[PDB]
Amino acid sequence: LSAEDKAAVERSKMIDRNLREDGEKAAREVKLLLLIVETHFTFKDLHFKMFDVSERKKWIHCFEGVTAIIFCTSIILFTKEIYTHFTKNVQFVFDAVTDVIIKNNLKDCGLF
Amino acid sequence: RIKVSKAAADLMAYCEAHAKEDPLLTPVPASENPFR
Amino acid sequence: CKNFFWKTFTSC
Amino acid sequence: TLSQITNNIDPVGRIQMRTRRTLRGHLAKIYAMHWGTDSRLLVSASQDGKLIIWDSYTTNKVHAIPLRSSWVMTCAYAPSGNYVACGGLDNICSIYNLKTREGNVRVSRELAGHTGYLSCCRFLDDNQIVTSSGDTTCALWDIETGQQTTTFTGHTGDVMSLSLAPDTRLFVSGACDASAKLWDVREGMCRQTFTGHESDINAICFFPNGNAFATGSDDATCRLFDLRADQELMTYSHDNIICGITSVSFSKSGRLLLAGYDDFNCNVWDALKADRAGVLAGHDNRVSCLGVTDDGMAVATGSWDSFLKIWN
Amino acid sequence: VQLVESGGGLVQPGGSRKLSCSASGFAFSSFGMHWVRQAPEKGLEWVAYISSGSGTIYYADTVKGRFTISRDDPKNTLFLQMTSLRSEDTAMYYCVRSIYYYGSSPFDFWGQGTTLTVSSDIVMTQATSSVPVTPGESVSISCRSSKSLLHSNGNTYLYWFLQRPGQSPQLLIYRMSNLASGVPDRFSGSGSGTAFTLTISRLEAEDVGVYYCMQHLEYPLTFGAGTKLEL
Amino acid sequence: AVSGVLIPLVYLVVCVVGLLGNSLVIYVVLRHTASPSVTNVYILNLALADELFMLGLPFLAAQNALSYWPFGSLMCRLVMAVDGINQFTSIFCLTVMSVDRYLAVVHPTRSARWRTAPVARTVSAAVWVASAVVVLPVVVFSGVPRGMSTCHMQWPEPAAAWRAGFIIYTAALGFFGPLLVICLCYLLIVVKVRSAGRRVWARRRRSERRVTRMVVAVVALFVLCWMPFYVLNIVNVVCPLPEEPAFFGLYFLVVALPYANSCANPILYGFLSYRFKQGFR
């Protein structure tokens, strides 16, 4: 390598470090698909992004990556865990998504 | 509008014309590929 | 004699 | 017909290619990518809210632009190289200047006026850009003023694909209604219309000569239409694969026809004869994007697994 | 963008001194910084270098040990701490910025120097340093390196600078072929390895000064002797 | 008659079964997996260690039957070294896998080291190097004093103290380190999953069928297959043992049990995992 390729690699490493930091920052974020109006609310050191939303192809094309779908993935009601409930509702959503995240972590580590 | 025969012939002529500088059908020597 | 030391033996 | 003429044509043979590169700097699904005209730098949009400029030869990260909205469906790279763009469920299109004097990347302009989301966008120049929306229409833009200059309404369902001609004078785009229409940038009229499919058209591309285009539908079919005969010339289906088609791309000569499916693969079709010659299988999840360089050297393939590979 | 240095003056031999530079108008933390000095009668001489993030530092073999370079990012300040001064270090010190990615231009902006007074290596030659010039005329500058500056990746690292009288140098051409922003299109550069030249179409006003050539392939960066043009 | 036929039979049977299982797992991981990962790296490392242990078994199989070592000296010194290396690499690799699962489940947001593939590969190399270091006395003191068998450790003059030190050191480290680490890691994993699943819903199935059964399987298999060997060695170093050939039968079975554990490891670690059941069928 030359003196400038090494500097470019240093810049790339710095970008990698910053991307890792940003990814770790976003590891405490949750997208509560609701099925546009967007409700963001935090609870017990955890944020929640609720999205309120006519076609089946639209939903599959841009929302299959959500964590736990809430209808008033997983099911929260007010692999495919289903939970029901009716100040307490927010805590119930918190518990449901925490369970979903733990099960997803276990699936990632192969123990499931 | 033109008959399907002439359009098909034009497509064949085009595809055969440029089927020597297409680095996805013909192999690319490792000494020329930039993705070793 | 080395009856059984570690996965081995010598005529004991 | 096409098959009768192509019967005597010798086949291609099995197509084998491997992942020369693997770019790992994204943490969510990748929805779009686009090559720079130099075919070395490429831009990638991801649902992490990030937009990374990649040095393809060394896998070096040149830039890392943060986005305001993480719901993005499109990329674009200006032919000059000074600007990129992106759009999605924000219904706007943001333009970024890559070469500033302060040493950073800044947003040059935000474009507003589309009523529905943004499906595709492609620069014509440093100042002109054509976008597609779910409003069943398209438009032309002026980035030094930020106002629309034309509008191309007439479709019935959502427009999901877009493909500029090699001269960028003509323009074809597919819709949720199974039809494709040829638009004129300088006149704003539908020159031609085409039908034959039965489901939403997810991808559309242009033949290297501009006299045809490929329509990849959501019912596992592709067809080769023409602008002079005004009819389909071929079909590309197989009973084994019955799912959607998510991307389409020709090659430098038009003899080969890449594609992408929800079945975690990219079946390498053939153009003149429908017989399938090739398969690419290197992705954990399905493939969203599929691009071929201008020099025909490589094929980049982003996917829902947050990685994108280079195949040659 | 502004680069302005402070400190300097008169110092007795053996007495430590500190020079500082303040930067404003650009992202300071994304640029590498250099120090360059020139004697009152001689040319530029690279002193020391500190990269972005402070992860890499380089020094010359004539000031190693005595001098030190460091940067403060939150305060946008660059420092040069020097000790055990001698009569060989009487020169005006410049600060330069550089950014390295695919296609960037390093050595863009130079600061205004501060005068300090005290009571293996690639060699280049620019022996031609006195050429008459006439308006509307074309002249060619020369620069030769000891070894080949072309690299395996296709880049040849030769940089050109112009120092107008009473001012700091400015970048003309980077990597022997690419023209810098804000430079008129009458400046051209070409030449294979170990044989390079700079071309000017019309020698109008503001084209008179001293031209230097520099190499960026091995971390000790060597400048040329210089070429002066006069009316 | 009975002892002179069964022992090589069972030795070769376990060898072939383990080789088949590990080869199948390695092939599946190497071909039918594309996306980069770390759990796959761990599984591949463990399968490779088990395969090399199986490759080491046959020399002991041959020596423990004819009461003779018809191989020589160089490969006698090599086989013991490679066998010890493979054994301790397997033990430490499954310990590191347990710790990695603990980090994944109980302490997320450690992507700087947990999910960074270079970190996992460096950890694998480090455990292999540490294994090679642990076996160093075996390599140094190996010798062949006599032609007839004697493919053992050429002990120095204080043979008794040296032997006791070797056995105590190896048993202590390579049994009661990994065992305790595994117990703590998997106990905390199961406690966390139990509490999390119980705090939300009146759920039970996931708390019961997987986190209990798999964890109990790994722990019970490890202890059951590595306890007889070490207890027998410890008893031998302290108390004398009978010398009649009739009782020589059980020693070979005790020595062969850990190889059965190495055979059984892949069939659960790399087959009773979701990423393979759902990723291949």
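The sequence lines fix the lettering, A, B, ..., with proteins before strands; numbering per chain opens at 1. Any value given below was found using the heavy atoms of this structure, including those in side chains, with hydrogens, waters and symmetry copies removed.
Using a 4.5 Å cut-off between heavy atoms, D:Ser199 does not touch chain A at all. For A:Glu55, the part sitting under 4.5 Å from any heavy atom of chain D is the side chain, from C-beta outward, and nothing else. Contact annotation for A:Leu1: neither backbone nor side-chain heavy atoms come within less than 4.5 Å of a heavy atom of chain D. Of the two parts of D:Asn202, only the side chain, counted from C-beta on, holds a non-hydrogen atom closer than 4.5 Å to a non-hydrogen atom of chain A. A:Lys31 touches chain D through its side chain: at least one heavy atom from C-beta onward sits under 4.5 Å away, while N, CA, C and O do not. With a 4.5 angstrom heavy-atom cutoff, D:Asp158 touches chain A only via side-chain atoms.
The two atoms that bring D:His63 and A:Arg11 nearest to each other are CD2-NH1, 4.2 Å, heavy atoms only. In this structure, A:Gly23 and D:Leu27 approach most closely via the heavy-atom pair CA-CD1, 3.5 Å. For the pair D:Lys61 and A:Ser12, the tightest heavy-atom approach, listed with the atom from each and the gap, is N-OG, 3.3 Å. In this structure, D:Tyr117 and A:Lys58 approach most closely via the heavy-atom pair CE2-CD, 4.2 Å.
Counting heavy atoms from C-beta outward, A:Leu19 and D:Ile52 have side chains that approach closer than 4.5 Å. Using a 4.5 Å heavy-atom cutoff, the side chains of A:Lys57 and D:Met160 are in contact.
The candidate from D:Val62, D:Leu89, D:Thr58, D:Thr59 with the greatest count of non-hydrogen atom pairs under 4.5 Å with chain A is D:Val62. Of the listed residues A:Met14, A:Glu64, A:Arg20, the one with more heavy-atom pairs under 4.5 angstrom with chain D than any other is A:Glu64. Comparing D:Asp48, D:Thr246, D:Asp200 by heavy-atom pairs within less than 4.5 Å of chain A, the highest count is held by D:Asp200.
Shown here is A:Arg17, whose CZ atom has more than 12 heavy atoms of other residues, nucleotides or ligands within 6.0 Å. When the shell of 6.0 Å around CZ of A:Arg28 is examined, it contains 12 or fewer heavy atoms from other residues, nucleotides or ligands.
Taking 4.0 Å as the cut-off between side-chain N and carboxylate O, D:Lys50 and A:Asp22 count as a salt-bridged pair.
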